[PDB]
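Everything below belongs to upload36.cif, which stores mmCIF, N, CA and C atoms.
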data_run
loop_
_atom_site.label_atom_id
_atom_site.label_comp_id
_atom_site.auth_asym_id
_atom_site.auth_seq_id
_atom_site.Cartn_x
_atom_site.Cartn_y
_atom_site.Cartn_z
N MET Z 1 0.86 -1.22 0.00
CA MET Z 1 0.00 0.00 0.00
C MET Z 1 0.88 1.25 0.00
N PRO Z 2 1.20 1.72 -1.18
CA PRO Z 2 2.03 2.92 -1.36
C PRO Z 2 1.20 4.18 -1.13
N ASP Z 3 0.19 4.39 -1.93
CA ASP Z 3 -0.67 5.59 -1.76
C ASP Z 3 -2.09 5.14 -1.44
N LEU Z 4 -3.03 6.05 -1.47
CA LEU Z 4 -4.44 5.66 -1.16
C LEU Z 4 -4.90 4.58 -2.13
N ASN Z 5 -6.14 4.18 -2.05
CA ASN Z 5 -6.64 3.12 -2.98
C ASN Z 5 -7.03 3.76 -4.31
N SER Z 6 -6.98 3.00 -5.38
CA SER Z 6 -7.35 3.57 -6.71
C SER Z 6 -7.58 2.42 -7.70
N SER Z 7 -7.49 2.70 -8.97
CA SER Z 7 -7.70 1.62 -9.98
C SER Z 7 -8.97 0.85 -9.64
N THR Z 8 -10.04 1.54 -9.35
CA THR Z 8 -11.32 0.84 -9.02
C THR Z 8 -12.43 1.86 -8.83
N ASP Z 9 -13.53 1.46 -8.25
CA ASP Z 9 -14.65 2.42 -8.04
C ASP Z 9 -14.12 3.69 -7.38
N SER Z 10 -14.31 4.82 -8.02
CA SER Z 10 -13.82 6.10 -7.44
C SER Z 10 -14.39 6.27 -6.02
N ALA Z 11 -13.68 5.79 -5.03
CA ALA Z 11 -14.18 5.93 -3.64
C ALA Z 11 -12.99 6.13 -2.69
N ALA Z 12 -12.37 7.28 -2.74
CA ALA Z 12 -11.21 7.53 -1.85
C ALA Z 12 -11.44 8.82 -1.05
N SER Z 13 -11.44 8.73 0.25
CA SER Z 13 -11.66 9.94 1.08
C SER Z 13 -10.71 11.05 0.64
N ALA Z 14 -11.20 12.26 0.52
CA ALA Z 14 -10.33 13.38 0.10
C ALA Z 14 -10.28 14.43 1.22
N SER Z 15 -11.35 15.14 1.43
CA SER Z 15 -11.37 16.17 2.50
C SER Z 15 -10.20 17.14 2.31
N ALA Z 16 -10.19 18.22 3.05
CA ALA Z 16 -9.08 19.20 2.92
C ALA Z 16 -8.46 19.45 4.29
N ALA Z 17 -7.48 20.31 4.37
CA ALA Z 17 -6.85 20.59 5.69
C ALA Z 17 -5.93 21.81 5.57
N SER Z 18 -5.30 22.20 6.64
CA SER Z 18 -4.39 23.38 6.59
C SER Z 18 -5.22 24.66 6.41
N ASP Z 19 -5.73 24.89 5.23
CA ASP Z 19 -6.54 26.12 5.00
C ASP Z 19 -7.99 25.85 5.41
N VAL Z 20 -8.65 26.83 5.97
CA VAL Z 20 -10.07 26.62 6.38
C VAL Z 20 -10.91 27.82 5.92
N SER Z 21 -12.11 27.57 5.49
CA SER Z 21 -12.98 28.69 5.02
C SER Z 21 -14.32 28.63 5.76
N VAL Z 22 -15.24 29.49 5.42
CA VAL Z 22 -16.56 29.47 6.10
C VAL Z 22 -16.38 29.82 7.58
N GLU Z 23 -16.33 31.09 7.89
CA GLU Z 23 -16.15 31.50 9.31
C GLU Z 23 -17.05 30.64 10.21
N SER Z 24 -16.70 30.52 11.46
CA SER Z 24 -17.52 29.70 12.40
C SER Z 24 -18.87 30.39 12.61
N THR Z 25 -19.66 29.89 13.52
CA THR Z 25 -20.99 30.51 13.77
C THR Z 25 -21.16 30.79 15.27
N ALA Z 26 -22.08 31.65 15.62
CA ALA Z 26 -22.30 31.96 17.06
C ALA Z 26 -20.96 32.17 17.75
N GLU Z 27 -19.98 32.66 17.04
CA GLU Z 27 -18.65 32.88 17.66
C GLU Z 27 -18.18 31.60 18.33
N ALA Z 28 -17.44 30.80 17.61
CA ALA Z 28 -16.93 29.53 18.19
C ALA Z 28 -15.41 29.52 18.13
N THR Z 29 -14.76 29.17 19.20
CA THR Z 29 -13.27 29.15 19.20
C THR Z 29 -12.77 27.94 19.98
N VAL Z 30 -11.71 27.32 19.52
CA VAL Z 30 -11.17 26.13 20.23
C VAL Z 30 -9.90 26.54 20.98
N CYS Z 31 -9.61 25.87 22.06
CA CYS Z 31 -8.38 26.20 22.84
C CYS Z 31 -7.64 24.91 23.21
N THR Z 32 -6.77 24.45 22.34
CA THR Z 32 -6.01 23.21 22.64
C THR Z 32 -4.90 23.52 23.65
N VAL Z 33 -4.91 22.88 24.78
CA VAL Z 33 -3.86 23.17 25.81
C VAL Z 33 -3.43 21.88 26.53
N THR Z 34 -2.31 21.91 27.23
CA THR Z 34 -1.87 20.70 27.96
C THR Z 34 -1.91 20.94 29.47
N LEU Z 35 -2.49 20.03 30.19
CA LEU Z 35 -2.51 20.15 31.67
C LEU Z 35 -1.42 19.22 32.21
N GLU Z 36 -1.22 19.18 33.49
CA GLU Z 36 -0.18 18.27 34.03
C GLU Z 36 -0.85 17.18 34.87
N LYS Z 37 -0.75 15.95 34.46
CA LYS Z 37 -1.40 14.86 35.25
C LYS Z 37 -0.52 14.51 36.46
N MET Z 38 -0.83 15.06 37.60
CA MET Z 38 -0.02 14.77 38.82
C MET Z 38 -0.89 14.88 40.08
N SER Z 39 -1.88 15.75 40.08
CA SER Z 39 -2.75 15.90 41.28
C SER Z 39 -3.88 14.86 41.25
N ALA Z 40 -3.72 13.81 40.49
CA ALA Z 40 -4.79 12.76 40.44
C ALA Z 40 -6.06 13.35 39.82
N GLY Z 41 -5.97 13.92 38.65
CA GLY Z 41 -7.19 14.50 38.00
C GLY Z 41 -6.87 15.89 37.44
N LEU Z 42 -5.64 16.12 37.06
CA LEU Z 42 -5.25 17.45 36.50
C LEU Z 42 -5.93 18.57 37.28
N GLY Z 43 -6.27 18.32 38.51
CA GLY Z 43 -6.92 19.37 39.34
C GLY Z 43 -8.25 19.79 38.72
N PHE Z 44 -8.72 19.09 37.71
CA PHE Z 44 -10.01 19.49 37.11
C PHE Z 44 -10.90 18.25 36.95
N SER Z 45 -12.18 18.46 36.96
CA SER Z 45 -13.16 17.33 36.83
C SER Z 45 -14.18 17.68 35.75
N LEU Z 46 -14.62 16.71 34.99
CA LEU Z 46 -15.59 16.99 33.89
C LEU Z 46 -17.02 16.59 34.26
N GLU Z 47 -17.97 17.45 33.97
CA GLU Z 47 -19.39 17.10 34.26
C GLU Z 47 -20.21 17.32 32.99
N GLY Z 48 -21.25 16.56 32.81
CA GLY Z 48 -22.10 16.72 31.59
C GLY Z 48 -23.27 15.74 31.69
N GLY Z 49 -23.40 14.83 30.75
CA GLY Z 49 -24.53 13.86 30.84
C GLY Z 49 -24.56 12.94 29.62
N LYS Z 50 -24.10 11.73 29.76
CA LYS Z 50 -24.13 10.79 28.61
C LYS Z 50 -25.55 10.76 28.04
N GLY Z 51 -25.74 10.17 26.89
CA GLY Z 51 -27.11 10.13 26.30
C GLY Z 51 -27.42 8.71 25.81
N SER Z 52 -27.45 8.51 24.52
CA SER Z 52 -27.75 7.15 23.99
C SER Z 52 -27.63 7.18 22.46
N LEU Z 53 -26.60 7.78 21.95
CA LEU Z 53 -26.43 7.85 20.47
C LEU Z 53 -27.67 8.49 19.85
N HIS Z 54 -28.38 9.28 20.62
CA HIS Z 54 -29.61 9.94 20.08
C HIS Z 54 -29.72 11.36 20.63
N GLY Z 55 -28.73 11.82 21.36
CA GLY Z 55 -28.79 13.21 21.91
C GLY Z 55 -27.39 13.84 21.87
N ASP Z 56 -26.70 13.92 22.99
CA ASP Z 56 -25.34 14.53 22.96
C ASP Z 56 -24.88 14.84 24.39
N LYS Z 57 -23.79 14.26 24.81
CA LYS Z 57 -23.28 14.52 26.19
C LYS Z 57 -21.96 15.29 26.11
N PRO Z 58 -22.05 16.60 26.01
CA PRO Z 58 -20.87 17.47 25.92
C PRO Z 58 -20.27 17.66 27.31
N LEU Z 59 -19.59 16.67 27.83
CA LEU Z 59 -19.00 16.81 29.18
C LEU Z 59 -18.36 18.20 29.29
N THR Z 60 -18.27 18.74 30.47
CA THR Z 60 -17.68 20.11 30.61
C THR Z 60 -16.92 20.22 31.94
N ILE Z 61 -15.99 21.15 32.10
CA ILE Z 61 -15.28 21.25 33.41
C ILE Z 61 -16.16 21.97 34.41
N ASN Z 62 -16.38 21.35 35.52
CA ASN Z 62 -17.23 21.97 36.58
C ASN Z 62 -16.41 22.31 37.82
N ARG Z 63 -15.64 21.39 38.32
CA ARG Z 63 -14.85 21.69 39.55
C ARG Z 63 -13.36 21.76 39.23
N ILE Z 64 -12.85 22.93 38.97
CA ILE Z 64 -11.40 23.05 38.69
C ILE Z 64 -10.69 23.34 40.00
N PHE Z 65 -9.53 22.81 40.16
CA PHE Z 65 -8.79 23.01 41.43
C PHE Z 65 -7.61 23.95 41.23
N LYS Z 66 -6.98 24.36 42.30
CA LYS Z 66 -5.82 25.29 42.18
C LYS Z 66 -4.53 24.53 42.51
N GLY Z 67 -3.69 24.32 41.53
CA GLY Z 67 -2.41 23.59 41.78
C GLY Z 67 -1.87 23.07 40.46
N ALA Z 68 -2.00 23.84 39.41
CA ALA Z 68 -1.49 23.40 38.08
C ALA Z 68 -1.72 24.51 37.06
N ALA Z 69 -1.62 24.20 35.79
CA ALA Z 69 -1.84 25.24 34.75
C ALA Z 69 -1.02 26.48 35.09
N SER Z 70 0.20 26.30 35.53
CA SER Z 70 1.05 27.48 35.88
C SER Z 70 2.28 27.50 34.97
N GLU Z 71 2.25 26.76 33.90
CA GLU Z 71 3.43 26.74 32.98
C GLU Z 71 3.08 27.45 31.68
N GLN Z 72 1.92 28.06 31.61
CA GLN Z 72 1.54 28.78 30.36
C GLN Z 72 0.16 29.42 30.53
N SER Z 73 0.07 30.45 31.32
CA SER Z 73 -1.24 31.13 31.53
C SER Z 73 -2.27 30.12 32.03
N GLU Z 74 -3.51 30.51 32.09
CA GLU Z 74 -4.57 29.58 32.57
C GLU Z 74 -4.90 28.57 31.47
N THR Z 75 -4.55 27.33 31.67
CA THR Z 75 -4.85 26.30 30.63
C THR Z 75 -6.16 25.61 30.97
N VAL Z 76 -7.02 26.28 31.67
CA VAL Z 76 -8.33 25.66 32.03
C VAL Z 76 -9.46 26.67 31.85
N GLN Z 77 -10.67 26.20 31.79
CA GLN Z 77 -11.85 27.10 31.62
C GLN Z 77 -13.07 26.45 32.27
N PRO Z 78 -13.87 27.25 32.94
CA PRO Z 78 -15.07 26.76 33.63
C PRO Z 78 -16.23 26.58 32.64
N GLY Z 79 -16.91 25.47 32.69
CA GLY Z 79 -18.07 25.25 31.77
C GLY Z 79 -17.60 25.07 30.32
N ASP Z 80 -16.33 24.88 30.09
CA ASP Z 80 -15.85 24.71 28.69
C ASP Z 80 -16.31 23.33 28.17
N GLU Z 81 -16.74 23.23 26.93
CA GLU Z 81 -17.18 21.88 26.42
C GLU Z 81 -15.95 21.07 25.97
N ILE Z 82 -15.07 20.73 26.88
CA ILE Z 82 -13.85 19.93 26.47
C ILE Z 82 -14.30 18.65 25.75
N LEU Z 83 -13.86 18.43 24.53
CA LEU Z 83 -14.30 17.18 23.82
C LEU Z 83 -13.38 16.00 24.18
N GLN Z 84 -12.08 16.20 24.22
CA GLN Z 84 -11.17 15.06 24.55
C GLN Z 84 -10.06 15.57 25.49
N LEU Z 85 -9.61 14.73 26.37
CA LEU Z 85 -8.53 15.13 27.32
C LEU Z 85 -7.19 14.61 26.81
N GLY Z 86 -6.17 14.60 27.63
CA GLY Z 86 -4.87 14.08 27.15
C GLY Z 86 -5.04 12.59 26.81
N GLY Z 87 -6.15 11.99 27.17
CA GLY Z 87 -6.33 10.53 26.85
C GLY Z 87 -7.80 10.08 27.01
N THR Z 88 -8.77 10.93 26.75
CA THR Z 88 -10.19 10.47 26.86
C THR Z 88 -11.03 11.36 25.96
N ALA Z 89 -11.88 10.79 25.19
CA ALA Z 89 -12.74 11.61 24.31
C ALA Z 89 -14.18 11.59 24.84
N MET Z 90 -14.62 12.68 25.39
CA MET Z 90 -16.00 12.73 25.94
C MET Z 90 -17.01 12.27 24.88
N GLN Z 91 -17.03 12.91 23.75
CA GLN Z 91 -18.05 12.52 22.71
C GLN Z 91 -18.23 10.99 22.59
N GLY Z 92 -17.23 10.18 22.81
CA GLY Z 92 -17.46 8.72 22.74
C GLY Z 92 -17.22 8.18 24.13
N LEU Z 93 -17.82 8.79 25.11
CA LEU Z 93 -17.60 8.35 26.51
C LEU Z 93 -18.72 8.88 27.39
N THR Z 94 -19.04 8.18 28.43
CA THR Z 94 -20.11 8.64 29.35
C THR Z 94 -19.49 9.69 30.28
N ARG Z 95 -20.23 10.20 31.23
CA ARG Z 95 -19.63 11.23 32.13
C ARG Z 95 -18.61 10.57 33.06
N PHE Z 96 -19.01 9.57 33.79
CA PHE Z 96 -18.04 8.89 34.71
C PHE Z 96 -16.95 8.21 33.88
N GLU Z 97 -17.34 7.37 32.96
CA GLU Z 97 -16.33 6.68 32.12
C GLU Z 97 -15.36 7.70 31.54
N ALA Z 98 -15.85 8.83 31.12
CA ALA Z 98 -14.95 9.86 30.54
C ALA Z 98 -13.93 10.32 31.58
N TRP Z 99 -14.38 10.92 32.63
CA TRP Z 99 -13.42 11.40 33.68
C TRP Z 99 -12.58 10.23 34.23
N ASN Z 100 -12.91 9.01 33.90
CA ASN Z 100 -12.12 7.86 34.43
C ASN Z 100 -10.85 7.62 33.58
N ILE Z 101 -10.94 7.62 32.27
CA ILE Z 101 -9.71 7.38 31.45
C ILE Z 101 -8.65 8.41 31.81
N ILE Z 102 -9.04 9.64 32.01
CA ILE Z 102 -8.04 10.68 32.37
C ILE Z 102 -7.34 10.24 33.65
N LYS Z 103 -8.09 10.15 34.70
CA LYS Z 103 -7.51 9.73 36.01
C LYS Z 103 -6.53 8.58 35.80
N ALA Z 104 -6.84 7.70 34.89
CA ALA Z 104 -5.96 6.53 34.63
C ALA Z 104 -4.80 6.89 33.70
N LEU Z 105 -4.74 8.11 33.23
CA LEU Z 105 -3.63 8.50 32.31
C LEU Z 105 -2.30 8.50 33.08
N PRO Z 106 -1.22 8.75 32.38
CA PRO Z 106 0.13 8.80 32.98
C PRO Z 106 0.39 10.17 33.61
N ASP Z 107 1.53 10.35 34.23
CA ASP Z 107 1.84 11.65 34.88
C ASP Z 107 2.67 12.52 33.93
N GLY Z 108 2.02 13.35 33.16
CA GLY Z 108 2.77 14.24 32.22
C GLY Z 108 1.84 15.34 31.69
N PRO Z 109 2.12 15.79 30.50
CA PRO Z 109 1.34 16.84 29.83
C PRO Z 109 0.03 16.26 29.28
N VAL Z 110 -1.06 16.54 29.93
CA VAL Z 110 -2.36 16.04 29.44
C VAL Z 110 -2.90 17.05 28.44
N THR Z 111 -3.21 16.63 27.26
CA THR Z 111 -3.70 17.60 26.25
C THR Z 111 -5.21 17.77 26.34
N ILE Z 112 -5.66 18.99 26.45
CA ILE Z 112 -7.11 19.26 26.53
C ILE Z 112 -7.56 19.93 25.24
N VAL Z 113 -8.79 19.77 24.86
CA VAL Z 113 -9.28 20.44 23.63
C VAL Z 113 -10.67 20.97 23.92
N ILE Z 114 -10.80 22.25 24.04
CA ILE Z 114 -12.13 22.82 24.36
C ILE Z 114 -12.57 23.79 23.27
N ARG Z 115 -13.84 23.77 22.96
CA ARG Z 115 -14.37 24.69 21.94
C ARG Z 115 -15.49 25.50 22.60
N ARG Z 116 -15.22 26.72 22.94
CA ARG Z 116 -16.27 27.54 23.60
C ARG Z 116 -17.09 28.25 22.52
N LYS Z 117 -18.36 27.96 22.44
CA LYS Z 117 -19.20 28.61 21.40
C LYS Z 117 -20.33 29.38 22.08
N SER Z 118 -20.98 30.27 21.37
CA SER Z 118 -22.09 31.06 21.98
C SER Z 118 -21.50 32.22 22.78
N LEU Z 119 -22.34 33.08 23.31
CA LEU Z 119 -21.83 34.24 24.10
C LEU Z 119 -20.92 33.74 25.22
N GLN Z 120 -20.45 34.64 26.05
CA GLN Z 120 -19.55 34.23 27.18
C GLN Z 120 -18.16 33.91 26.63
N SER Z 121 -17.62 34.75 25.79
CA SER Z 121 -16.27 34.48 25.23
C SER Z 121 -15.51 35.80 25.06
N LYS Z 122 -14.39 35.94 25.71
CA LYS Z 122 -13.61 37.21 25.58
C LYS Z 122 -12.13 36.87 25.37
N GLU Z 123 -11.75 36.57 24.16
CA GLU Z 123 -10.32 36.23 23.88
C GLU Z 123 -10.07 36.28 22.37
N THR Z 124 -10.67 37.22 21.69
CA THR Z 124 -10.47 37.31 20.22
C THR Z 124 -9.16 38.03 19.93
N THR Z 125 -8.08 37.58 20.52
CA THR Z 125 -6.77 38.25 20.28
C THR Z 125 -6.94 39.76 20.36
N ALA Z 126 -6.83 40.32 21.54
CA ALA Z 126 -6.99 41.80 21.68
C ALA Z 126 -5.66 42.41 22.13
N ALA Z 127 -4.58 41.68 21.99
CA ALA Z 127 -3.26 42.22 22.41
C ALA Z 127 -2.52 42.75 21.18
N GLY Z 128 -3.17 43.55 20.38
CA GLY Z 128 -2.51 44.10 19.17
C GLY Z 128 -3.43 43.94 17.96
N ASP Z 129 -4.44 44.77 17.87
CA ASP Z 129 -5.38 44.67 16.72
C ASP Z 129 -5.14 45.84 15.76
N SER Z 130 -5.09 45.57 14.48
CA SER Z 130 -4.85 46.66 13.50
C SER Z 130 -6.13 47.50 13.35
#
Could you take the file, read its structure, and then write that structure out as structure tokens?
Amino acid sequence: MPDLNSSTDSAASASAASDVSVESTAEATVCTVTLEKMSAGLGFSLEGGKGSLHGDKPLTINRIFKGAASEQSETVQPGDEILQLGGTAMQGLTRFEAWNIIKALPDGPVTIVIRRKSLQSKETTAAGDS
């Protein structure tokens, strides 16, 4: 298998990347950051509500603790819809099961990915606007 599949029914995933168009909606922004797994839960806990493949359980940070996120500004956010942690993806995980894979992660840089959409957002790069 050198390149994608070919010489057959034209059916090869293409999609694009790098460049993005179509501005977001309702003001949506993502904040990929790394936490430190050492306080037994990155000092943060996720709350939300699993569903049944028919609704949507956007786990979110509810109880953040003080004792981390000090190596690069605040790497945490309250009520943020974090989709995946340094090792757990909420979208394919229940609330408890989700916060469980993290706790079971190793002791290092836990990568968080949060997309805050809708009002309640103040970080549109205001440190130097033309």
- Item | Neighbour list for residue 26 (chain Z) as a ChimeraX atom specification, cut-off 7 Å, all atoms listed in the file, skip fewer than 4 positions in-chain | /Z:117-119
- Task: Would you mind reading off the distance between CA of residue 30 (chain Z) and CA of residue 113 (chain Z), one decimal, in Å?
- Result: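 Interatomic distance, CA of residue 30 (chain Z) to CA of residue 113 (chain Z): 6.9 Å.
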As a compact mmCIF listing (two decimals) with N, CA and C atoms, in the frame of the given file, please: every residue in chain Z that DSSP puts in strand (DSSP E or B).
# COMPACT_ATOMS: atom_id res chain seq x y z
N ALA Z 28 -17.44 30.80 17.61
CA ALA Z 28 -16.93 29.53 18.19
C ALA Z 28 -15.41 29.52 18.13
N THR Z 29 -14.76 29.17 19.20
CA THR Z 29 -13.27 29.15 19.20
C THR Z 29 -12.77 27.94 19.98
N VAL Z 30 -11.71 27.32 19.52
CA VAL Z 30 -11.17 26.13 20.23
C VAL Z 30 -9.90 26.54 20.98
N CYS Z 31 -9.61 25.87 22.06
CA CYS Z 31 -8.38 26.20 22.84
C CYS Z 31 -7.64 24.91 23.21
N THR Z 32 -6.77 24.45 22.34
CA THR Z 32 -6.01 23.21 22.64
C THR Z 32 -4.90 23.52 23.65
N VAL Z 33 -4.91 22.88 24.78
CA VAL Z 33 -3.86 23.17 25.81
C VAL Z 33 -3.43 21.88 26.53
N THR Z 34 -2.31 21.91 27.23
CA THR Z 34 -1.87 20.70 27.96
C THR Z 34 -1.91 20.94 29.47
N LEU Z 35 -2.49 20.03 30.19
CA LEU Z 35 -2.51 20.15 31.67
C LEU Z 35 -1.42 19.22 32.21
N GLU Z 36 -1.22 19.18 33.49
CA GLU Z 36 -0.18 18.27 34.03
C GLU Z 36 -0.85 17.18 34.87
N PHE Z 44 -8.72 19.09 37.71
CA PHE Z 44 -10.01 19.49 37.11
C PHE Z 44 -10.90 18.25 36.95
N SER Z 45 -12.18 18.46 36.96
CA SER Z 45 -13.16 17.33 36.83
C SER Z 45 -14.18 17.68 35.75
N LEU Z 46 -14.62 16.71 34.99
CA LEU Z 46 -15.59 16.99 33.89
C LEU Z 46 -17.02 16.59 34.26
N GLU Z 47 -17.97 17.45 33.97
CA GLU Z 47 -19.39 17.10 34.26
C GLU Z 47 -20.21 17.32 32.99
N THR Z 60 -18.27 18.74 30.47
CA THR Z 60 -17.68 20.11 30.61
C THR Z 60 -16.92 20.22 31.94
N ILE Z 61 -15.99 21.15 32.10
CA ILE Z 61 -15.28 21.25 33.41
C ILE Z 61 -16.16 21.97 34.41
N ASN Z 62 -16.38 21.35 35.52
CA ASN Z 62 -17.23 21.97 36.58
C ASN Z 62 -16.41 22.31 37.82
N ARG Z 63 -15.64 21.39 38.32
CA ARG Z 63 -14.85 21.69 39.55
C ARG Z 63 -13.36 21.76 39.23
N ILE Z 64 -12.85 22.93 38.97
CA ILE Z 64 -11.40 23.05 38.69
C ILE Z 64 -10.69 23.34 40.00
N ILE Z 82 -15.07 20.73 26.88
CA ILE Z 82 -13.85 19.93 26.47
C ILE Z 82 -14.30 18.65 25.75
N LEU Z 83 -13.86 18.43 24.53
CA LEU Z 83 -14.30 17.18 23.82
C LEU Z 83 -13.38 16.00 24.18
N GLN Z 84 -12.08 16.20 24.22
CA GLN Z 84 -11.17 15.06 24.55
C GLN Z 84 -10.06 15.57 25.49
N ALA Z 89 -11.88 10.79 25.19
CA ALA Z 89 -12.74 11.61 24.31
C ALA Z 89 -14.18 11.59 24.84
N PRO Z 109 2.12 15.79 30.50
CA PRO Z 109 1.34 16.84 29.83
C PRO Z 109 0.03 16.26 29.28
N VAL Z 110 -1.06 16.54 29.93
CA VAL Z 110 -2.36 16.04 29.44
C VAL Z 110 -2.90 17.05 28.44
N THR Z 111 -3.21 16.63 27.26
CA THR Z 111 -3.70 17.60 26.25
C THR Z 111 -5.21 17.77 26.34
N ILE Z 112 -5.66 18.99 26.45
CA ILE Z 112 -7.11 19.26 26.53
C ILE Z 112 -7.56 19.93 25.24
N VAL Z 113 -8.79 19.77 24.86
CA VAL Z 113 -9.28 20.44 23.63
C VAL Z 113 -10.67 20.97 23.92
N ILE Z 114 -10.80 22.25 24.04
CA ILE Z 114 -12.13 22.82 24.36
C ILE Z 114 -12.57 23.79 23.27
N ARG Z 115 -13.84 23.77 22.96
CA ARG Z 115 -14.37 24.69 21.94
C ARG Z 115 -15.49 25.50 22.60
N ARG Z 116 -15.22 26.72 22.94
CA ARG Z 116 -16.27 27.54 23.60
C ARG Z 116 -17.09 28.25 22.52
N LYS Z 117 -18.36 27.96 22.44
CA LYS Z 117 -19.20 28.61 21.40
C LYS Z 117 -20.33 29.38 22.08
Using all atoms listed in the file, determine which residues lie at most 6 Å from region 82-87 of chain Z, disregarding the query and same-chain residues fewer than 5 positions distant; provide the list as an mmCIF file with N, CA and C atoms, in the frame of the given file.
data_model
loop_
_atom_site.group_PDB
_atom_site.id
_atom_site.type_symbol
_atom_site.label_atom_id
_atom_site.label_comp_id
_atom_site.auth_asym_id
_atom_site.auth_seq_id
_atom_site.Cartn_x
_atom_site.Cartn_y
_atom_site.Cartn_z
ATOM 1 N N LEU Z 59 -19.590 16.670 27.830
ATOM 2 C CA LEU Z 59 -19.000 16.810 29.180
ATOM 3 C C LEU Z 59 -18.360 18.200 29.290
ATOM 4 N N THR Z 60 -18.270 18.740 30.470
ATOM 5 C CA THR Z 60 -17.680 20.110 30.610
ATOM 6 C C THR Z 60 -16.920 20.220 31.940
ATOM 7 N N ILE Z 61 -15.990 21.150 32.100
ATOM 8 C CA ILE Z 61 -15.280 21.250 33.410
ATOM 9 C C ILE Z 61 -16.160 21.970 34.410
ATOM 10 N N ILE Z 101 -10.940 7.620 32.270
ATOM 11 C CA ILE Z 101 -9.710 7.380 31.450
ATOM 12 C C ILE Z 101 -8.650 8.410 31.810
ATOM 13 N N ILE Z 102 -9.040 9.640 32.010
ATOM 14 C CA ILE Z 102 -8.040 10.680 32.370
ATOM 15 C C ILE Z 102 -7.340 10.240 33.650
ATOM 16 N N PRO Z 109 2.120 15.790 30.500
ATOM 17 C CA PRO Z 109 1.340 16.840 29.830
ATOM 18 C C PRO Z 109 0.030 16.260 29.280
ATOM 19 N N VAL Z 110 -1.060 16.540 29.930
ATOM 20 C CA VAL Z 110 -2.360 16.040 29.440
ATOM 21 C C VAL Z 110 -2.900 17.050 28.440
ATOM 22 N N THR Z 111 -3.210 16.630 27.260
ATOM 23 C CA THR Z 111 -3.700 17.600 26.250
ATOM 24 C C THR Z 111 -5.210 17.770 26.340
ATOM 25 N N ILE Z 112 -5.660 18.990 26.450
ATOM 26 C CA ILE Z 112 -7.110 19.260 26.530
ATOM 27 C C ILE Z 112 -7.560 19.930 25.240
ATOM 28 N N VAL Z 113 -8.790 19.770 24.860
ATOM 29 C CA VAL Z 113 -9.280 20.440 23.630
ATOM 30 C C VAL Z 113 -10.670 20.970 23.920
ATOM 31 N N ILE Z 114 -10.800 22.250 24.040
ATOM 32 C CA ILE Z 114 -12.130 22.820 24.360
ATOM 33 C C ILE Z 114 -12.570 23.790 23.270
ATOM 34 N N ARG Z 115 -13.840 23.770 22.960
ATOM 35 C CA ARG Z 115 -14.370 24.690 21.940
ATOM 36 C C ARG Z 115 -15.490 25.500 22.600
#
- Query: Please, what distance in Å, to one decimal, runs between CA of residue 56 (chain Z) and CA of residue 81 (chain Z)?
  - Reply: 11.5 Å
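Across the structure, CA of residue 80 (chain Z) and CA of residue 50 (chain Z) are spaced 16.2 Å apart.
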- Query: Any chance you could work out the residue set of the PyMOL selection byres ((chain Z and resi 66) around 8) here, as a ChimeraX atom specification?
  - Reply: /Z:42-44,63-65,67-69
- Name the residues in contact with residue 120 (chain Z) at a cut-off of 12 Å, using only C-alpha atoms, excluding same-chain residues fewer than 5 positions from it; report them as a ChimeraX atom specification. /Z:26-29,77-80
Filled-in N, CA, C and O atoms of region 7-15 of chain Z, supplied as a compact mmCIF listing (two decimals), in the coordinates of the input:
# COMPACT_ATOMS: atom_id res chain seq x y z
N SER Z 7 -7.49 2.70 -8.97
CA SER Z 7 -7.70 1.62 -9.98
C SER Z 7 -8.97 0.85 -9.64
O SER Z 7 -8.99 -0.37 -9.64
N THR Z 8 -10.04 1.54 -9.35
CA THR Z 8 -11.32 0.84 -9.02
C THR Z 8 -12.43 1.86 -8.83
O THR Z 8 -12.30 3.01 -9.21
N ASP Z 9 -13.53 1.46 -8.25
CA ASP Z 9 -14.65 2.42 -8.04
C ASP Z 9 -14.12 3.69 -7.38
O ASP Z 9 -13.54 3.66 -6.32
N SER Z 10 -14.31 4.82 -8.02
CA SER Z 10 -13.82 6.10 -7.44
C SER Z 10 -14.39 6.27 -6.02
O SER Z 10 -15.45 6.82 -5.83
N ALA Z 11 -13.68 5.79 -5.03
CA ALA Z 11 -14.18 5.93 -3.64
C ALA Z 11 -12.99 6.13 -2.69
O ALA Z 11 -12.63 5.25 -1.93
N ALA Z 12 -12.37 7.28 -2.74
CA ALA Z 12 -11.21 7.53 -1.85
C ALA Z 12 -11.44 8.82 -1.05
O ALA Z 12 -11.63 9.88 -1.61
N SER Z 13 -11.44 8.73 0.25
CA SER Z 13 -11.66 9.94 1.08
C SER Z 13 -10.71 11.05 0.64
O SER Z 13 -9.54 10.83 0.42
N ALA Z 14 -11.20 12.26 0.52
CA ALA Z 14 -10.33 13.38 0.10
C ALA Z 14 -10.28 14.43 1.22
O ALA Z 14 -9.28 14.59 1.89
N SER Z 15 -11.35 15.14 1.43
CA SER Z 15 -11.37 16.17 2.50
C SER Z 15 -10.20 17.14 2.31
O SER Z 15 -9.32 16.91 1.51
